[PDB]
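What follows is one structure encoded as structure tokens, with my remarks underneath.
In this document, chain identifiers A, B, C, D and E correspond to the written order of the chains, with residue numbering beginning at 1 in each.
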Amino acid sequence: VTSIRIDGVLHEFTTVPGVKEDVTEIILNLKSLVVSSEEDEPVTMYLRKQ
Amino acid sequence: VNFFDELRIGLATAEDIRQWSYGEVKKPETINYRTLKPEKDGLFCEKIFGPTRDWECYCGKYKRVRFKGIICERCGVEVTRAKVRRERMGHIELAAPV
Amino acid sequence: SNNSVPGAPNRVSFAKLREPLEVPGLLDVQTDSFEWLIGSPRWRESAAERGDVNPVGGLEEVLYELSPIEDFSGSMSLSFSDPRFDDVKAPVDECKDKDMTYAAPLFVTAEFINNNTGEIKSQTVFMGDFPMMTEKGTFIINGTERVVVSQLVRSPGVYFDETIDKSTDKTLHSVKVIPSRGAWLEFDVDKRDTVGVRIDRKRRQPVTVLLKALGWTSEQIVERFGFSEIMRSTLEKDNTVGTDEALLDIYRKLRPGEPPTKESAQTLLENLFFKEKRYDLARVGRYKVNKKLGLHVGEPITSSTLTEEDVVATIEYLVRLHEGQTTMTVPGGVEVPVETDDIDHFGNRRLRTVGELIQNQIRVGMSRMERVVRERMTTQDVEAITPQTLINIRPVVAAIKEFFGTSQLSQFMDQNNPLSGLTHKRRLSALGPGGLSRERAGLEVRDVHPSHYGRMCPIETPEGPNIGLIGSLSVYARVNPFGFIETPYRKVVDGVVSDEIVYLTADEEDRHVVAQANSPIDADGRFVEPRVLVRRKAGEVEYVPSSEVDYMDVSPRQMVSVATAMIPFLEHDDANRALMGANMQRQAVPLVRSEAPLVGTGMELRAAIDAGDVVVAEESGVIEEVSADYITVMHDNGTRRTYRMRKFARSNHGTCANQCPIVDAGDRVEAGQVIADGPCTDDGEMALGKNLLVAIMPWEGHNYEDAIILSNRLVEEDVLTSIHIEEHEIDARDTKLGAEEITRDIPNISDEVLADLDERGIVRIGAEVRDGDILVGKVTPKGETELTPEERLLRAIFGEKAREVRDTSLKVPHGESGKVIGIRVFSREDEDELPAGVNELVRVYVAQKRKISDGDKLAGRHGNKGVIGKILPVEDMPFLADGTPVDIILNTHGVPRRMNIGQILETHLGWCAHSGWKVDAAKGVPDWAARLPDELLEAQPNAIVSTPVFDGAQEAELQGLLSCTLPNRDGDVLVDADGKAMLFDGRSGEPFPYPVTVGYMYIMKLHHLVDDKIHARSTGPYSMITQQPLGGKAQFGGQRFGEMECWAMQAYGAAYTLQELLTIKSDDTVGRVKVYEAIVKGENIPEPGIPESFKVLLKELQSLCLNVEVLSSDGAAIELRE
Amino acid sequence: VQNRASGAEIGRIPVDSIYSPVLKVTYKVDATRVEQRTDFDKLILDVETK
Amino acid sequence: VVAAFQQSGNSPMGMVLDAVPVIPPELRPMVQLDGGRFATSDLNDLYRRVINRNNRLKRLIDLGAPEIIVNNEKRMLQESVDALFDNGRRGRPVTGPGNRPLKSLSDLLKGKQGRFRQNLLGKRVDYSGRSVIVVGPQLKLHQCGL
């Protein structure tokens, strides 16, 4: 990963309602994600839950 | 710095002091309370020491850099750099020798 | 087991079972003092439990002392009593946010009495807003958290100094009676064996003068001093006998030039020496004098000044001591020892806490108010006066407002981490108002006195010039009501140890015998060895049979501060390095995600839970809704509570104060259990740094002389990244030419610069900034002409505006960067309180996530500081046989010199903790496992352990542990019996010829970061007064060129360089522009001009009428006009 | 921070990246050193990835 | 003294003044703060004190004043100028509110805070920088990192 966008937020140093962990820990956890790709262009993925 | 191979000190006479200064000071007040500007013939008078703002006079006739070294007629100030306010001096004519 | 805090992680510990009592409330020093000041009912019931009687608070004390108020006539009388407080105005959080103090109103019922009329009038009076200490012991003033530190002051009383004559070599004894307030009065003895008295630092006249001024006769004086002939020889040289003679002589001596009278000298002497109006000791003074002279031990404290019996007793004491008497009993008293009084003995140094300081300020304020009321009492008529017109609360409020705002004992709280605040609250300072200055202090008032054991920690102290003056209170010390410092002790009757705990002061510890706590004891409660080690008076320590030991200490850690109690293996380190080790935990930096240390000392749990920065559940219940902003818990009875948690709030030193929950929904919790850890805390334990795999070996010169090599893994996994938040403040005031206004239309600035602002004129939240970028747009009118009030009022009626502006916006200072996270806007028209003269005030917060790099400073716990030298790639670091590269490489030439050998021990233990151990129990427990508690026989991998100071892990136990460690996942043991391992060089490939020491170590990150030190300047702003470049870093300034560099440059024979560094770079107003143009165009650098300093000197000289001119070489005159 | 210079929308949060998949690598050498022309080294290389 | 006076060449008239010079304004700044209080140098106070009495004497000479009062005012003017050149040289020094000893002209040179020392030894220069040092062992003896 190289960049993320979160709806309803503007910068990292803050939180979002309804989540036990603020944005900093979300980034910290997402860092150790393991993803394999072969396209030579910046590809995009989505993640939503309720 | 140049060639000041000597530097001599000496007593200054009244004629020398009258030669140095660029006008006498007659008003004891320092600066106008409300106008926030110095008063003429006062301790910060622009006629003696010089212009508070670069290339201007009190009335503002010659406000432009085009002129240099000339003195306005209505207010009688010399249009040069504001730096000269760090150089020119006044003097006081005593009425009884001290 | 031993843990008292519910739910805390288990931490197996090496110890001998010790539990007479647990560590007291660590903040009672700052709390109970104020509680006594306001007289809260909790203090009252605590005093009733303690056994004392007549509960009176500080305010009640000062008010009863002040009452009553009368004029000279005595016709009218006034009095105050019964002060009361109310509920606070607002909670703490909005007090921080709205920049309003935390105060509560103060009321007093006041009554005025007139005797002639016989009438009284009583009503309630408001007397200002008294500041109130929060739950954590820190006052709040104007939105900043301030703390008041205790003070150490010489106790009022009588001191018996001894001196030895230079020639006659006789033992003279002088006395001094230092009062709380009044005039000095003391007795002197000279080599002539004459006894004299000095009053108010006057000359010497015999004490016979005082004895006769008392009205006594010669026969009575003979009878009182019939055992001493020195007193008789002194009275022989008397001038005259007669009470009037003594009175008149004293009156003439004290006040020359004044009329003599029979009836006058008596009045003024009584006023000066026995009247509460002018001369007065304190409660402590009377207590000390009663203790010393042993008169009326059971007498309750009624008076607070001298008595004739006191002077007679001290005269007898002096004369007995001068002739070497041993034991003395004043008639009607009890037998007390006779000895000189040590100046710095801790039985004579008194700790005035916050309560006494605030009371002193209150007394001064009400003294001023009483002066005012006495002046205005006579002026106005009797029948048309009410107390409302008599009392002006101005001086009292002014005093209590000024003391907090200016006095050198109201300091900003240090909020680097919880430990910093906790240690700052308990500090004892010997400086400050009313005390000795920095230059008054000598070498006698700095070194440790033997009576500090258990009261003031002897290891913790600033290493700068304030060394010795500033100390820290010990762990178990508590303060007695008078101001002395008590310590606990155990009661030992006859070789039997009881669990009763008795608190003792300095003198009682002096008069008894005490033993160490680590002396072996039997489980039944008896000593084993006949001869035990015992400390006695004057610091002597010796062996003594067990049949007479009075008291035994409580715990081995009785003498250490809180800060030094968190250093493992403290007894293995030198005192000098332990000081630096204790003075660096107060400088750590909270990281993004913290980790608990592998080897702690158990004190950190209590330290964190009493620091107050971790939210602790008040009443038991279960968790209903848990969210990152708040936690909701329902009590047992059904009531609900919601705790809010501060997120990304600025601390005082720029770090971040963040809190996160640890509990989850549906989790039963018990009252007192931590639920939301603050900063520098993991699972409710004080965590300040990380656990790094370290190796001890020199390495190709990158860690020469206290450097440290780090692996790039730390930068990768952000193991050591922190967060720093700066604040910027702008404010628009009302000028006399109009009014400044926050606007988006800056004069003649291209829109690309003004892209990131909104319509209001404030940077949008979340836009990254850089130096030289506009944060808040502001415009100030240009001084073309003063606006007449007529036109200004005409345009203000219709609310008009004109176009006369110049830009004075706010830009990011040279060096800063980051992202804007919060904007606070205050306006006067929105009913918000502001300082006078301003309208809008804007605070913008910029946050930046720093990393680790070169120049940053690291440190272990044992004072082995260092700087980062190189951050190697991950594959360059030496790796173990398994293949895990080490995280950091130390140097070994620095251990034996400093003698901080303790770290080595810790390192070994760290590995034993990391991989876990399993001691073999076959054929019973080994010899070295005999004393080891069974909790530590087996341990899982990375299981934490403890090691209390002056106790805990022994060398044999550690050696045994190192040989019984578990293999890794591949059935291999990486380290050997000695503790070393076989590394592989990763840069070349060949294994190292010899094994190397490797282990785990707890490493912090000090707050001396490089990015706030690096700084450069080629040409920027110049000062407008001196024509020299500005100073500091935020002003884009240049570097000072001190005179020592001038000498060093003259030494080389360098001339052109010195002249250039002094002329065209600094203050040649014409030369600098010329040199810039020449450089940017490529021509030769022109010759230097002449500095402005010289022209200033010439003008100053000519203004004194001294014709100074500069001649040429031949003699022709020159002028420097242009 | 090598990705923040793009000057994209205010919502994008730059995030670090660890492109390397390899987790741990080590080796051993078995030396046949009996004094003859029969001296050789056998290299055993152990690799683990993500 | 007398041989020096004769040989050097100097009119002793320098010992008596009839025209007291006035230092430029920039060396006696008068700065208005945002708090409404005018940071005022003491030199302005001394100059004002002299000029008041000089003008009063000028007014009293042409009104035919009696001898005693003009003598008193001449004495006062002399004392005022003496305070101007060097405060505290005689008797009770002139002091402002708060018992502050005023800074005279001679206090611009005399003392450690004078011009001859304080501003002449020590300067702030351009083209400079500052940073933390760190040991680097791959350099030759005449190189430094930057």
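Heads up, the rule we're going with is that a residue touches a chain if its C-beta (ideal position, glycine included) is under 8 Å from a C-beta of that chain, and two chains touch if they have at least 3 such contacts.
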Pair exhibiting more inter-chain C-beta contacts, C-E or A-C: C-E
Centre distance in Å when chain B and chain D are each reduced to the mean of their C-alpha atoms: 78
Intercentroid distance (Cα basis), chain E paired with chain B, Å: 18
Computed distance of Cα centres, chain E from chain A, in Å: 68
Chain D and chain E: spacing of chain centres that average the CA atoms, whole Å: 74
Of all residues in chain C, the ones touching two or more other chains: 718, 766, 1096, 1099, 1102-1103, 1105
In chain A, residues with contacts to at least two other chains: 10-12
Sequence positions of chain E contacting 2 or more other chains: 14, 17, 20-24, 27
Chain pairs in mutual contact under the definition given at the outset: A-C, A-D, B-C, B-E, C-D, C-E
Residues of chain D that touch chain A when the two form their complex: 3, 10-18, 50
Chain C to chain D touching residues, read off their complex: 716, 718, 764, 766-768, 879, 881-884
Sites on chain A touched by chain D in the complex: 1-6, 9-12, 23, 27, 30-31, 34
Chain B contact footprint on chain C (complex, rising order): 736, 783, 786, 1063, 1069, 1088-1090, 1095-1096, 1099, 1101-1103, 1105-1113, 1115, 1118
Contacting residues of chain E [partner chain C, same complex]: 14, 17, 20-24, 27, 29, 34-36, 85, 105-106, 108-109, 115-116, 119-132, 134-137
